[PDB]
């Protein structure tokens, strides 16, 4: 019996400065944050309708630069889907995606975790990562790729909604 709307626990991961917080705040507040305030851990919530189903997104916004914590592994165990974010002007953030994916596969002990690859800051002219490279990486992992800008709001809804659709397909 229906006791309230379905809830989805999403975790936003990726290197320092790629725009994880900016993406989340654009989704929740329709606000672009220009300042860089490094995150340790922040929790957000939003009700949306995706494909005719009302649901609640519980979003955990993570730290880019973090050593081994068992506290980190805990929320990666409970998270049901992961936005893996790099910045299209930062090649290192793109190469770090492999490390986030491995970390997630290890803690969930699974090959088939709901995930979306997100290439953020697509409004900047200093692209160093081609769309095609990122699409090929996503195709090799069997996951969707979405280009976003927290500043223009391009792809922001889509990134989160796509992840929810991936979670739904997985169960």
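Residue numbers count along the first chain shown, from 1.
> Per the PDB record, is the mean Cα temperature factor higher over 61-69 or over 48-56?
Replying inline: Looking at the record's C-alpha B-factors, the answer is 61-69.
> On average, which has the higher Cα B-factor in the deposited entry, 73-81 or 89-97?
Replying inline: The deposited B-factors put 73-81 ahead on the C-alpha mean.
> In this PDB entry, which of 110, 126, 43, 120 has the top CA B-factor?
Replying inline: Result of the comparison over 110, 126, 43, 120: 110.
>> Please say which third, lowest, middle or highest, residue 36 falls into when its CA temperature factor is compared across its chain.
In response: It belongs to the highest third of the chain when residues are ordered by C-alpha B-factor.
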